[PDB]
Every structure is written in C-alpha cells, then in structure tokens.
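J.: I'd like to ask you about the structure that follows.
Backbone-built Cβ (ideal geometry, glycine too); neighbour counts: all protein chains shown. Nothing in this text is a laboratory measurement; each read-out follows from the coordinates by a stated rule.
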Amino acid sequence: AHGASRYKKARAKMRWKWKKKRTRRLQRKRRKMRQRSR
Amino acid sequence: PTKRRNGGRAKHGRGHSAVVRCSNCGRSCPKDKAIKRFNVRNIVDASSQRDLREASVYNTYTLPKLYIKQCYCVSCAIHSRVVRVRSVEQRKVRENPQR
Amino acid sequence: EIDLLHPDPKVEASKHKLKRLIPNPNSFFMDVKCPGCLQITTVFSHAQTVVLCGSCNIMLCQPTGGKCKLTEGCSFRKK
Amino acid sequence: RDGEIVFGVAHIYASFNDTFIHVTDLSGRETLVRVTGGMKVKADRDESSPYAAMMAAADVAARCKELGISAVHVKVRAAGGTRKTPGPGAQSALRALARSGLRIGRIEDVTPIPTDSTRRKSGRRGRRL
Amino acid sequence: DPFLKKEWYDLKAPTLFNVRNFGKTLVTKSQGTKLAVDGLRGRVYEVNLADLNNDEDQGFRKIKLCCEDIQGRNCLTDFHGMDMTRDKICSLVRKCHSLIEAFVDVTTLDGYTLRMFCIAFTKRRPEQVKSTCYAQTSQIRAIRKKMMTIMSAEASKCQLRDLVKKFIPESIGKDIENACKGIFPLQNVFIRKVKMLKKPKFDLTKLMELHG
RNA sequence: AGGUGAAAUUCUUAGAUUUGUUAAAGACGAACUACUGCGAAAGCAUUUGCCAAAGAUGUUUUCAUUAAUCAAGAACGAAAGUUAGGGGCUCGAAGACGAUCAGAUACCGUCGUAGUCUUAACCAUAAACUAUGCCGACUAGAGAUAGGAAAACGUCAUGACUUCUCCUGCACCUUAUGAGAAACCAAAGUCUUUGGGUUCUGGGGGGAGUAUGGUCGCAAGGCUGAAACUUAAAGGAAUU
C-alpha cells in the first residue's frame with residue numbers, strides 16, 4: 001500500500017494522480033475480460 | 001518543512017474562505033491568500049494634469065480619483081515585482097513599507 | 001516573596017468567584033423602598049423576574065444580564 | 001450664439017487592443033463624431049497606442065468646431081465588467097482634447113462594475129502564458 | 001451633408017433648480033410619418049447638480065431629467081430620478097468601518113412611486129484609541145429599520161415636486177443621523193439613488209405650474 | 001470591430017463594435033472583508049418575516065455522580081460523477097477549427113455538447129491539513145481582539161468612547177537550566193529523574209492499495225486485503 005505518503009514524490013517519479021488512473025484502466029479491463037469467460 | 005508558520009493564507013477557525021479571481025492571471029486563489037493592493041490614483045498622471053487646469057470650465061476643479069482594488073495570484077505578483085522575495089529572518093515582518 | 005496562605009484583600013476581590021481561596025458569592029440582598037408605599041421588600045441583587053410590590057403591584061426592578069435595574073428614584077439598602 | 005460654451009458628452013472607451021473616442025449630445029441619444037484608434041493607424045499592434053488615441057482626438061477636435069460644440073463633458077471607461085483598468089489610450093486621448101482647445105468640464109469614471117457577477121474567462125488555473 | 005437635415009432644440013430645467021438653461025440637443029428635421037417631436041419625447045438627461053445651482057458645491061451627485069413636453073424649440077423637463085457619482089461613494093468607503101444600506105419602495109401623494117436608497121457609515125469618536133470600531137448587526141438592524149421608516153415618512157407626506165426640494169438641501173440625510181444617535185453616531189448618511197417605477201399620467205396643466 | 005508576444009479562425013455597410021433608454025432570462029452577492037465571527041466537520045456573506053436549535057456569560061435556583069473514551073452499529077460528509085424531472089445566463093472536461101513548433105492531439109486564440117444552478121434519490125472519497133486523536137491537571141509574561149458580566153462623583157449625548165478586573169473564543173509577539181535529529185514547538189513542555197484515563201494506526205524500500213475471496217454500490221468505484229519474486233539502501237532536517 002502507501003497510505004498518506006501515497007504521493008510523496010521525494011524523487012523523480014511518474015506522478016501519483018496519473019499512476020492511479022493508469023491502474024484503474026488496467027483494472028477496469030480485467031473485469032470485462034474475466035466476465036467474458038463466464 | 002514549513003516555509004511559513006502561517007502557510008501564507010492567514011486563515012484561522014474557518015475551514016473555508018471566500019474566493020477571488022486574479023486581475024491579471026485569471027487564477028482562482030483564496031481571498032485570504034490573494035495579495036491585495038488598493039490602487040487609488042488620479043486619472044491624468046501629475047505632469048499632464050496642468051493642461052486640464054489651464055483648459056477647463058469653472059474656477060478650479062478637483063480632478064476625481066480612480067479607485068480600484070487589485071487582487072493577485074502570488075505568481076502574477078512575483079513576476080510583476082509587487083512583492084519579489086525576502087530572506088528567512090526578514091520574512092517575518094508584517095508592517096507597511098511605504099506607509 | 002509569596003503568601004498563598006494569607007493573600008491580599010485587593011487582589012482576591014478582583015479574581016473570579018471560584019478561583020478565590022474560599023469561594024463566596026459577590027451577589028447580595030437589598031431592602032428596597034419604592035416611592036409610593038412605606039413598605040419594604042427583600043430583593044436579590046441579580047433578579048431574573050419582574051418583582052411586584054407588597055400590595056397593588058407597582059414594579060421594583062426589571063431583570064437584565066447581571067444586576068437588575070431599579071425603577072427610577074427608589075432607594076435600596078444592602079443587608 | 002448668445003450663451004457661449006455648449007456641451008456634449010465624450011465617452012472615452014479605452015480598453016487594451018483599441019481606444020474609442022465618441023462625441024454625443026447631453027441627452028446622448030444622437031451622436032456627432034465617432035473615431036476609433038484603428039481608423040487612424042493600421043498595424044493591429046498600434047490600435048491601442050498613445051499616438052493613435054492622440055491622432056484620433058485631433059480629428060474629433062476638428063469635427064467638433066464645425067458642428068457647434070465648443071465644450072465637452074467627458075466619461076472615461078475601461079472595458080470593465082467582468083474583464084476595470086483603463087488603457088494607455090486614456091492618458092493620451094484626454095491630454096489631446098486639451099491641446100485642441102475644447103473647453104473641458106466634469107470628468108467621470110463610468111466603467112461598469114458588478115456587485116459580484118457571472119464567471120470570468122480562462123478557467124480555474126487562469127490564463128497561463 | 002448629413003447634418004444639414006438637423007436643427008438644434010433647447011432644453012429647459014424646472015424653476016426649483018434655479019437655472020433655466022442647460023439643455024441643448026438636436027432631434028433632426030421632421031418627416032411626415034416619424035416626425036421630430038415624437039423622437040425627442042422621452043429622452044433622459046443625467047446632469048450634475050452644481051451646474052444647476054451654478055455654484056461650485058455638490059459636485060457629487062447627478063439629477064436625471066426627461067422632457068415630458070416640447071413647445072417651439074424648447075423642451076420642458078420634469079425629472080426622472082436621482083444618482084450619486086462614483087468618486088464620492090468610493091471615497092467614503094474606507095477599511096475598518098461598518099457600511100450600512102437600506103431601501104423602501106414608497107408612494108407619494110402624487111401618483112407615482114419611488115425606490116430610495118441610503119448609505120450610512122459609523123464614525124469613530126474623538127479621543128478613541130480603538131483600532132477599528134463596528135456595529136453589532138443587531139445595532140445595524142435597528143438603524144436600518146429607522147432609516148427606512150424615516151425615509152418612508154418623508155416621501156409619503158410630500159408630493160414629488162415637494163420631495164425634490166427636500167433633496168437639494170440634503171435635509172433628509174441630516175434627519176436620519178440625528179434620530180439614530182441613540183443607537184450609533186453615524187456619518188455622511190446620503191440618499192444615494194432614486195428610481196421612478198411608474199410616472200402616473202402625463203397631465204399638461206400640472207407640469208406648466210412647475211415651469212414658471 | 002475581435003483577439004495576440006505577433007497574427008489568423010470569427011463578426012461586419014441586409015449597419016457590426018461603440019452611444020442611450022427599456023424589457024426578459026437565469027446565475028452570482030463586489031467595495032465594506034480583517035493573521036474577525038458562527039458551525040461536529042463538510043461548510044456558511046443582499047433585505048425582511050416566520051420556524052425550531054446552539055455556545056459563552058450572569059445566577060446565595062434545581063437534580064446529586066447521572067461521567068470520560070469508545071470494538072460492533074448509526075447520522076452528516078466540498079468538488080467531480082450517476083439516476084429521474086425542471087432550468088440553461090455565463091463559464092466550459094470532450095469535439096471543432098485558427099496559431100505556435102522539427103512535430104504540438106498542449107500552453108495562446110475563437111466557437112462549443114455534458115456539466116455548472118434547483119427538487120428527489122444515490123455515491124462516501126480530497127494536500128477532507130493544524131499533514132499534530134479526545135477528556136483532565138499543572139507550568140510565563142506583555143499588548144491586541146470577538147462575546148458576556150461588574151466597577152468609575154470618568155468624557156461627550158438606554159447607547160458610543162476612555163480606564164481597570166473577570167471568565168470564554170480565534171490568534172499573535174517575546175523567551176526558556178522545558179523538549180527536539182534539526183526545521184521549529186505554551187505544546188511537539190512537565191518522558192531513562194521513564195506509569196492521570198482511553199480510542200485508532202505503524203515496523204527497511206518495492207511488488208501493491210495490485211491478485212484472489214468477501215461485502216456495500218445502478219455504475220464509476222468504496223471498505224477489507226495477501227503472496228511468489230525483488231533490492232542496499234529508500235526516507236527526514238539542516239551545511240558547503
């Protein structure tokens with residue numbers, strides 16, 4: 001996890017707001033693909 | 001680390017302040033953290049106003065002053081050299097320069 | 001340099017009610033003389049109600065925040 | 001004629017990008033002469049400039065003498081509204097009406113101001129340049 | 001070439017103001033269907049009071065005049081409303097005072113109805129060391145109600161012709177101040193702005209009594 | 001005319017932009033506005049009335065331990081978003097062209113649908129911040145400030161102001177043989193001279209707020225929440 005630090009960005013990084021969104025699109029896709037195989 | 005004890009917004013026991021748009025930038029900043037200079041000034045400078053005293057109708061006339069309240073963005077101020085920037089010690093002073 | 005056992009009369013008068021060494025009330029009672037009647041009435045200094053006379057109701061005092069106002073020229077003697 | 005010094009309100013609209021010099025009767029319904037910074041100068045940059053607003057007022061000065069008008073009430077104006085700080089034309093245009101010899105009276109700021117209103121352009125983070 | 005088709009008309013003020021002259025305007029030459037004196041009717045004329053007085057005082061404020069009737073290169077104005085200049089009201093606004101405002105919609109004995117406004121600012125005393133000074137809302141409400149009642153009473157008792165006269169010496173502003181001291185001292189106390197909502201009928205014979 | 005760093009798209013003699021007086025529409029309440037107020041937090045600035053509710057102060061009223069903190073469980077919870085009706089001015093994710101540039105799906109410019117506003121449901125998260133849990137005791141002064149209360153042969157006319165004391169607020173300045181890694185701190189003090197009461201959370205950095213299972217949701221997603229493998233440093237505050 002990460003909790004409060006979540007977006008510390010102490011050193012050059014991707015940027016948390018973008019990172020959260022990128023993972024959401026990966027996750028959303030995982031759903032329809034897993035429901036397709038039912 | 002905290003650069004200011006205050007945080008620069010000067011807000012206590014609210015949780016929510018009013019908002020104003022910057023006069024140059026456009027930006028929504030909080031009213032408390034805006035940085036405001038109420039510019040009173042007469043319309044025609046100083047040097048040029050003697051033309052109006054020469055030319056005009058009526059025996060004397062008070063040339064009426066222009067009243068506006070400017071509000072700034074921090075970034076608009078520091079670019080335009082209203083505030084620039086200060087040392088860590090001299091930061092803390094809150095008085096009027098040019099009383 | 002300090003005396004907690006024997007504090008000064010001047011300073012302990014200034015303090016709050018309860019913060020004094022012995023707590024006691026700064027309110028008091030009054031024998032009030034309204035202008036018409038020769039009668040007298042025992043009235044509390046801080047009165048929360050509009051106090052009437054002993055017969056044929058005039059009005060002694062109207063309630064306020066703290067001490068009640070007494071109605072026009074009428075004298076009062078503390079107990 | 002008999003009582004000299006007849007008046008007419010002048011309406012110096014002076015935003016950024018252009019300066020408008022307008023002359024009208026006291027009622028204000030009927031106009032007398034209209035000049036726009038950009039009628040004089042043809043850059044687009046120099047529509048707003050000190051010289052264009054000065055040269056605008058000289059044509060207004062010439063036309064005012066012919067029609068009747070020997071004197072001018074005046075009403076300066078920034079764009080104001082949502083956008084309230086009158087442009088570099090307004091310094092030079094008001095000076096230029098003096099050097100003609102129109103008789104000036106009664107200056108007013110009349111730039112329109114809300115009692116909080118509407119929303120301004122350029123979004124939340126503003127016109128980042 | 002366009003302005004050969006026009007001719008000048010002369011505006012005339014009320015007798016109340018004290019200066020007959022001031023109104024100069026051009027309505028253009030008349031044409032059968034759309035004639036000049038129709039188009040000249042119902043124009044509106046914001047004019048400074050220190051012009052009408054003819055003395056250098058009351059630079060602030062403006063009086064609006066609309067010409068109800070026209071007769072032979074002359075225009076006869078009964079007034080539309082009152083206004084204050086933005087130089088004045090913005091100079092009076094300073095930091096660390098309590099701005100009070102008020103209004104009432106009021107009917108005169110003469111038919112038409114008005115919507116007056118008032119502005120009052122609390123004033124520091126002599127020998128006052130307090131940094132700011134303010135009115136405690138409750139105090140403000142009492143003052144505000146007092147302002148409207150006083151304003152309402154004055155407008156109602158006097159007809160519009162009479163009412164304009166009250167405005168010239170600014171007597172109404174003074175009256176509110178001396179009533180309200182009991183709550184809070186105040187300063188300035190202007191009437192600011194007035195707006196006619198009706199104009200009741202035309203009435204030619206009533207308007208000629210004004211123009212002496 | 002517009003607009004810009006400079007221009008163009010766009011609007012214009014079938015009369016724009018500017019001048020003036022109206023009318024309609026729906027937003028938003030400038031200046032006064034503050035190291036001010038109120039509110040459990042989210043939040044709350046036009047006038048007047050109605051409807052309950054709250055704190056502080058005052059009290060030689062009353063009950064007499066009725067209290068503090070809280071696994072379960074429950075109410076409210078900005079903005080965005082959703083569902084069904086209204087309303088739709090301005091602004092304006094998408095989209096559209098016009099610029100800039102090597103390219104520019106961006107910054108800049110001109111239009112512009114959802115949305116923004118409101119009634120009725122949902123959602124339940126924000127740098128939702130004082131990044132400091134909630135009650136209690138004691139530590140240190142000065143001057144301001146908001147609310148209430150008492151005093152003065154006080155000054156001007158029940159109130160405004162002056163001087164002084166009391167509690168209750170938001171803070172601020174100065175200083176410590178008090179604390180801290182330091183920045184700084186009337187609390188982060190009274191803690192190796194270690195125990196006033198209590199709730200929740202953390203154990204090197206990733207993998208990961210991911211996988212699977214559960215449960216709430218109309219969805220978006222929320223709450224709970226691993227491992228294999230990986231790595232010698234990540235991280236904090238000051239100095240040059």
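J.: Tell me the net charge near B:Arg21. Cut-off is 9 Å between Cβ atoms, B:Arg21 excluded, with +1 for each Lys or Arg and -1 for each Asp or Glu.
T.: Its environment carries a net charge of +3.
J.: Summarise the partner chain shielding of E:85-91 as one whole number: the mean count of Cβ atoms from other chains within 10 Å of each residue's Cβ.
T.: Details: counts 5, 8, 9, 1, 1, 9, 4.
Average neighbour count from other chains, rounded to a whole number: 5.
J.: Also, I was wondering about something else. List every residue whose amide H lies under 5 Å from the amide H of D:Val6, counting only residues 5 or more places away in sequence or on a different chain, with H placed 1.01 Å from N in the peptide plane.
T.: Amide H neighbours of D:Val6, under 5 Å, 5+ apart: D:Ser70, D:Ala71.
J.: Mean residue ellipticity at 222 nm from the helices of chain E, using -39,500 (n - 2.57) per DSSP H segment of n ≥ 4 over the full residue count, to the nearest 500 deg cm²/dmol?
T.: Using -39500 (n - 2.57) per qualifying helix, the result is -8000 deg cm²/dmol.
J.: Could you compute the FRET efficiency for B:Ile78 and A:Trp16, with r as their C-beta to C-beta distance and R0 at 35 Å, rounded to 0.05?
T.: 0.80
J.: Would you kindly state the longest site-free stretch of chain E, with sites defined as chymotrypsin sites (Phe, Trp or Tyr not before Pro) in a DSSP loop (not H, G, I, E, B) surrounded by at most 13 other Cβ atoms within 10 Å?
T.: So the longest stretch without any such site is E:1-133.
J.: Return the calculated 222 nm mean residue ellipticity for chain D, to the nearest 500 deg cm²/dmol, obtained by summing -39500 (n - 2.57) across DSSP H runs with n ≥ 4 and dividing by the residue count. Don't skip to the end; give the middle numbers.
T.: Values: 3 runs with 35 residues, N = 129.
Here the helix-only value at 222 nm equals -8500 deg cm²/dmol.
J.: Taking the Cα of E:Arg141, stepping 7 Å toward and past its beta carbon, and measuring to each backbone N in segment E:96-118: which are under 18 Å?
T.: E:99-103
J.: Between the DSSP loop rule and a limit of at most 13 other Cβ atoms within 10 Å, which GluC sites (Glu not before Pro) in segment B:41-99 are left?
T.: Details: sites: B:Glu54, B:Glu89, B:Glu95; in loops: B:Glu89, B:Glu95.
Here the sparse-neighbourhood loop sites are B:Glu89, B:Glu95.
J.: Strictly greater than 31 Å: what percent of every Cα pair in chain E meets that?
T.: 32 percent
J.: Could I ask something else about it? Evaluate peptide B:22-32: per residue, the Cβ atoms of other protein chains within 10 Å of its Cβ; return the mean as an integer.
T.: Mean partner-chain Cβ count within 10 Å for B:22-32: 4.
J.: Report for chain D the percent antiparallel among DSSP-assigned beta bridges with both residues inside it, nearest 5.
T.: 55 percent
J.: Quantify how strongly other chains surround peptide D:104-114 by giving the mean number of their Cβ atoms within 10 Å of each of its Cβ atoms.
T.: 6
J.: Given a cut-off of under 8 Å on Cα pairs at least six residues apart, what relative contact order in percent is computed for chain E?
T.: Reported as a whole number, the value is 20 percent.
J.: What are the trypsin sites (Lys or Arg not before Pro) within segment D:1-49 that DSSP puts in a loop, where the Cβ has at most 12 other Cβ atoms within 10 Å?
T.: Loop-located and lightly packed - D:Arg1, D:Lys42, D:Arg45.
J.: A further question on this structure: Would you mind telling me the antiparallel percentage of the DSSP bridges in segment E:4-212, rounded to 5?
T.: Within segment E:4-212, antiparallel bridges account for around 90 percent of the total.
J.: Spin-label point model (7 Å from Cα, Cβ direction): what's the A:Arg38 to C:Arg20 distance in nm?
T.: 7.9 nm
J.: Loop-only check: which GluC sites (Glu not before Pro) in segment E:56-122 are DSSP coil with at most 16 other Cβ within 10 angstrom?
T.: Listed in order of number, the matching sites are E:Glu56.
J.: In deg cm²/dmol, rounded to 500, what helix-only [θ] at 222 nm does chain B give when every DSSP H run of at least 4 residues adds -39500 (n - 2.57) and the total is split over its residues?
T.: -2500 deg cm²/dmol
J.: Once you place label points 7 Å from the Cα toward the Cβ at A:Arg6 and C:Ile58, how far apart are they in nm?
T.: Here the modelled spin labels are 7.4 nm apart.
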